[PDB]
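Undergrad: Structure provided below as structure tokens; questions to follow.
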Amino acid sequence: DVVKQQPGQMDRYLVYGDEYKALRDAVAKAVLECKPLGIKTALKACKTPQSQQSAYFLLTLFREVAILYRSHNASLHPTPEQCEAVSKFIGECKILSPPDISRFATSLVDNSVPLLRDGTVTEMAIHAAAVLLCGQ
């Protein structure tokens, strides 16, 4: 049955747990609707400290948007409007206030990340980048 039944991939960041899953789902739904409002509600509902919220946000941005950019099918690529909405929200988000975090987020949403345009190496690198930036 396997070959007839069959394109989803894994999300190892789930190691963080239910809070990451909730924030990721909220971010995804908000981007698809192009309505950067549920992200704030999810971030308020989250209970981890600010640095963990910032890391979680960066990981969700990468997993959804940056990975979507890697599909050769341009139709899957985020539309300019989704980038504009998430950029405005990043600009207004206080948890992302450090210039470096805001720049890294926007670079993820617009595919301007240097050299982090294999899959496993890129995923691990982006996790490390988030930890290094937010890690106090």
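By convention here, the chains of the structure tokens are called A, B, ... in the order presented, each chain's residues are numbered starting at 1, and ligands are numbered starting at 1 in the order presented.
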Please return as number ranges by chain: the residues of chain A that backbone DSSP assigns to alpha helix (DSSP H).
TA: A: 2-5, 18-33, 38-45, 50-61, 67-69, 80-92, 99-109, 119-134
Undergrad: Take the selection from the previous step and output its residues with C-alpha atoms, as a PDB file, in the first residue's frame.
TA:
```pdb
ATOM      1  CA  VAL A   2       2.840   2.415   0.773  1.00  0.00           C
ATOM      2  CA  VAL A   3       3.645   3.410  -2.805  1.00  0.00           C
ATOM      3  CA  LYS A   4       0.015   3.841  -3.862  1.00  0.00           C
ATOM      4  CA  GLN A   5      -1.042   5.775  -0.758  1.00  0.00           C
ATOM      5  CA  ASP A  18       3.476  21.943  22.802  1.00  0.00           C
ATOM      6  CA  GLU A  19       4.197  25.659  23.196  1.00  0.00           C
ATOM      7  CA  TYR A  20       6.322  25.688  20.054  1.00  0.00           C
ATOM      8  CA  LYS A  21       3.655  23.718  18.198  1.00  0.00           C
ATOM      9  CA  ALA A  22       0.954  26.192  19.212  1.00  0.00           C
ATOM     10  CA  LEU A  23       3.010  29.223  18.239  1.00  0.00           C
ATOM     11  CA  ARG A  24       4.028  27.633  14.938  1.00  0.00           C
ATOM     12  CA  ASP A  25       0.437  26.796  14.033  1.00  0.00           C
ATOM     13  CA  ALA A  26      -0.726  30.291  14.937  1.00  0.00           C
ATOM     14  CA  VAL A  27       2.023  31.881  12.848  1.00  0.00           C
ATOM     15  CA  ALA A  28       1.233  29.634   9.889  1.00  0.00           C
ATOM     16  CA  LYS A  29      -2.502  30.317   9.979  1.00  0.00           C
ATOM     17  CA  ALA A  30      -1.867  34.046  10.359  1.00  0.00           C
ATOM     18  CA  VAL A  31       0.508  34.125   7.397  1.00  0.00           C
ATOM     19  CA  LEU A  32      -1.864  32.129   5.203  1.00  0.00           C
ATOM     20  CA  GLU A  33      -4.705  34.494   6.074  1.00  0.00           C
ATOM     21  CA  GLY A  38      -3.253  35.613  16.023  1.00  0.00           C
ATOM     22  CA  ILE A  39       0.520  35.676  16.437  1.00  0.00           C
ATOM     23  CA  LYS A  40       0.164  38.228  19.233  1.00  0.00           C
ATOM     24  CA  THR A  41      -2.550  36.167  20.921  1.00  0.00           C
ATOM     25  CA  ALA A  42      -0.363  33.065  20.791  1.00  0.00           C
ATOM     26  CA  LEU A  43       2.658  34.935  22.131  1.00  0.00           C
ATOM     27  CA  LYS A  44       0.551  36.242  25.010  1.00  0.00           C
ATOM     28  CA  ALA A  45      -0.764  32.730  25.653  1.00  0.00           C
ATOM     29  CA  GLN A  50      11.004  36.397  26.404  1.00  0.00           C
ATOM     30  CA  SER A  51      14.216  34.873  25.052  1.00  0.00           C
ATOM     31  CA  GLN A  52      12.455  31.562  24.508  1.00  0.00           C
ATOM     32  CA  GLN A  53       9.559  33.335  22.806  1.00  0.00           C
ATOM     33  CA  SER A  54      12.024  35.043  20.470  1.00  0.00           C
ATOM     34  CA  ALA A  55      13.797  31.781  19.681  1.00  0.00           C
ATOM     35  CA  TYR A  56      10.469  30.039  19.107  1.00  0.00           C
ATOM     36  CA  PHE A  57       9.311  32.815  16.789  1.00  0.00           C
ATOM     37  CA  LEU A  58      12.523  32.621  14.777  1.00  0.00           C
ATOM     38  CA  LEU A  59      12.228  28.844  14.473  1.00  0.00           C
ATOM     39  CA  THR A  60       8.619  29.067  13.307  1.00  0.00           C
ATOM     40  CA  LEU A  61       9.512  31.746  10.780  1.00  0.00           C
ATOM     41  CA  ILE A  67      11.603  26.362   3.982  1.00  0.00           C
ATOM     42  CA  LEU A  68       8.731  27.329   1.693  1.00  0.00           C
ATOM     43  CA  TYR A  69      11.219  29.428  -0.266  1.00  0.00           C
ATOM     44  CA  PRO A  80       4.813  39.743  -1.259  1.00  0.00           C
ATOM     45  CA  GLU A  81       1.768  40.496   0.893  1.00  0.00           C
ATOM     46  CA  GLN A  82       2.591  37.763   3.397  1.00  0.00           C
ATOM     47  CA  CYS A  83       6.125  39.121   3.682  1.00  0.00           C
ATOM     48  CA  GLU A  84       4.795  42.643   4.179  1.00  0.00           C
ATOM     49  CA  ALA A  85       2.370  41.635   6.924  1.00  0.00           C
ATOM     50  CA  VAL A  86       4.884  39.544   8.838  1.00  0.00           C
ATOM     51  CA  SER A  87       7.478  42.295   8.450  1.00  0.00           C
ATOM     52  CA  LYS A  88       5.142  44.865   9.973  1.00  0.00           C
ATOM     53  CA  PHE A  89       4.378  42.510  12.846  1.00  0.00           C
ATOM     54  CA  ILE A  90       8.078  41.894  13.444  1.00  0.00           C
ATOM     55  CA  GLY A  91       8.662  45.635  13.464  1.00  0.00           C
ATOM     56  CA  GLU A  92       5.993  46.128  16.115  1.00  0.00           C
ATOM     57  CA  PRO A  99      18.243  44.925  16.026  1.00  0.00           C
ATOM     58  CA  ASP A 100      19.937  41.603  15.324  1.00  0.00           C
ATOM     59  CA  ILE A 101      16.852  39.501  16.051  1.00  0.00           C
ATOM     60  CA  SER A 102      14.591  41.764  13.990  1.00  0.00           C
ATOM     61  CA  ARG A 103      17.027  41.752  11.082  1.00  0.00           C
ATOM     62  CA  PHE A 104      17.401  37.972  11.225  1.00  0.00           C
ATOM     63  CA  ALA A 105      13.624  37.524  11.251  1.00  0.00           C
ATOM     64  CA  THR A 106      13.113  39.839   8.287  1.00  0.00           C
ATOM     65  CA  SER A 107      15.966  38.105   6.468  1.00  0.00           C
ATOM     66  CA  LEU A 108      14.153  34.812   6.992  1.00  0.00           C
ATOM     67  CA  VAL A 109      10.864  36.166   5.685  1.00  0.00           C
ATOM     68  CA  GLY A 119      18.553  20.437   5.046  1.00  0.00           C
ATOM     69  CA  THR A 120      19.804  18.981   8.314  1.00  0.00           C
ATOM     70  CA  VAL A 121      22.822  21.288   8.460  1.00  0.00           C
ATOM     71  CA  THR A 122      20.704  24.348   7.678  1.00  0.00           C
ATOM     72  CA  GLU A 123      18.097  23.408  10.285  1.00  0.00           C
ATOM     73  CA  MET A 124      20.734  22.860  12.955  1.00  0.00           C
ATOM     74  CA  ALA A 125      22.518  26.080  11.978  1.00  0.00           C
ATOM     75  CA  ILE A 126      19.319  28.123  12.271  1.00  0.00           C
ATOM     76  CA  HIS A 127      18.565  26.593  15.650  1.00  0.00           C
ATOM     77  CA  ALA A 128      22.079  27.503  16.785  1.00  0.00           C
ATOM     78  CA  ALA A 129      21.712  31.019  15.391  1.00  0.00           C
ATOM     79  CA  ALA A 130      18.505  31.559  17.326  1.00  0.00           C
ATOM     80  CA  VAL A 131      20.047  30.217  20.527  1.00  0.00           C
ATOM     81  CA  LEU A 132      23.140  32.389  20.109  1.00  0.00           C
ATOM     82  CA  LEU A 133      21.165  35.562  19.434  1.00  0.00           C
ATOM     83  CA  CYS A 134      18.577  35.128  22.181  1.00  0.00           C
TER      84      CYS A 134
END
```
Undergrad: Take atom CA of residue 17 of chain A and atom CA of residue 95 of chain A and report the distance between them in Å, one decimal.
TA: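 Distance between the two atoms: 19.9 Å.
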Undergrad: Have a look at A:6, A:93, A:110, A:74 and name the one nearest to residue 37 of chain A; count only C-alpha atoms.
TA: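 With only C-alpha atoms as the atom set, the closest residue is A:93.
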Undergrad: Between atom CA of residue 94 of chain A and atom CA of residue 62 of chain A, what is the spacing in Å?
TA: 19.1 Å
